[PDB]
Amino acid sequence: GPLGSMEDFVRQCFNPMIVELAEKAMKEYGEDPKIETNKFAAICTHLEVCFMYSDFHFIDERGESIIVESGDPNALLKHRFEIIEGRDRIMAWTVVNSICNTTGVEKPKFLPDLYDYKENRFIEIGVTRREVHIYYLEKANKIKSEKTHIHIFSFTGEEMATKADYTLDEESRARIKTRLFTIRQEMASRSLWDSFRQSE
Ligand SMILES: COc1cccc(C2=NC(=O)C(O)=CC2)c1
Ligand SMILES: [Mn+2]
Ligand SMILES: [Mn+2]
Ligand SMILES: [Mn+2]
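Going by PDB author numbering, the final residue of the sequence shown carries number 195, and the count climbs one at a time with no gaps.
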């Protein structure tokens, strides 16, 4: 079939909020979304996974973790996760440092992606086009804070997480895996997938 452009794919398949946050982060780090196009799509994918991991997860009046998929959560409900990724570096560290001084959790070396108020830990999310164990070790070796929990998703449905602790229920992780499958299938229909996979 015809080869599409990754630019077109990104603009058509991701929410404009995600796209804009991704462009901003690439510029903050000196990379151009119109040149590092596979990376642009990967950043959008990862940021969407971070949002989707957080989506619908609250802590209720009693203090228990619950899932609320309707648009209207009860007003006493608190988001279960803090989202770090997507913020610029000053704001991301502002949020991190705050969590740390409050909850007593130590400060990590690098910016993580989320904070889980139920499990009381930072989370690093990984999304990979390669074997999950390989990518797991890369992230583990990089941060080595050893309090930050790591959760890796691949595009073919495999997952790996610290201490075989997957944090979320099967249905939540299934939403993420379905979305990843969709991204891959659509990239493939546009003849973008092989290259995107190989560029990681
Ligand atoms: C300019 O490059 C950027 C910009 C913003 C995010 C990220 C990533 N963050 C991750 O947590 C992650 O796991 C992969 C990539 C990379
Ligand atoms: Mn970031
Ligand atoms: Mn991150
Ligand atoms: Mn990450």
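Where is the CB? At the ideal position from N, CA and C, for every residue including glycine.
{"query": "Do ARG174 and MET1 have their C-beta atoms closer together than 9 Å?", "result": "no"}
{"query": "List the endpoints of the continuous alpha helix (DSSP H) containing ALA183.", "result": "165 to 184"}
{"query": "Considering only the beta carbon of each residue, do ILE147 and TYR131 sit closer than 9 Å?", "result": "yes"}
{"query": "Pull up the DSSP beta-bridge partners for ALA156, would you.", "result": "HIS146"}
{"query": "Using the beta-carbon count (16 or more within 10 Å), is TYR24 buried or exposed?", "result": "exposed"}
{"query": "Would you check if the stretch 24 to 33 and the stretch -1 to 13 touch, i.e. whether three or more CB-CB distances between them fall below 8 Å?", "result": "yes"}
{"query": "If you run the structure through DSSP and keep just helix, strand and coil, what is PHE4?", "result": "helix"}
{"query": "In its own chain, which residues sit with a C-beta less than 8 Å from the C-beta of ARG116, not counting the 5 before and 5 after it?", "result": "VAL100, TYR110, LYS142, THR143 and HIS144"}
{"query": "Apart from the five residues on each side of it in sequence, which residues of its chain come closer than 7 Å, Cβ to Cβ, to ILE13?", "result": "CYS39, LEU42 and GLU43"}
{"query": "By a C-beta neighbour count over all protein chains shown, 10 Å radius and 16 as the cutoff for buried, is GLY81 buried or exposed?", "result": "buried"}
{"query": "Use the C-beta contact count for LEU71: other C-beta atoms within 10 angstroms, 16 or more gives buried, fewer gives exposed.", "result": "exposed"}
{"query": "Does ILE118 come out as helix, strand or coil in the three-state DSSP assignment?", "result": "strand"}
{"query": "Whole angstroms are fine: how far does the CA of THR177 sit from the CA of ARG185?", "result": "12 Å"}
{"query": "Restricting to Cα atoms, I'd like to know which of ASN92, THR151, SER49 and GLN180 is closest to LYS73.", "result": "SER49"}
{"query": "I'd like the span of the beta strand (DSSP E) that includes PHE76, first residue to last.", "result": "76 to 78"}
{"query": "State the Cα-Cα distance for the pair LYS113 and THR89, rounded to the nearest angstrom.", "result": "21 Å"}
{"query": "Checking the sheet assignment: what are the DSSP bridge partners for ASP111?", "result": "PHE76 and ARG116"}
{"query": "I'd like to confirm something about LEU42: is its beta-carbon nearer than 8 Å to some heavy atom of ligand 1, or not?", "result": "yes"}
{"query": "Indicate the three-state DSSP secondary structure (helix, strand or coil) for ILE13 in the structure shown.", "result": "helix"}
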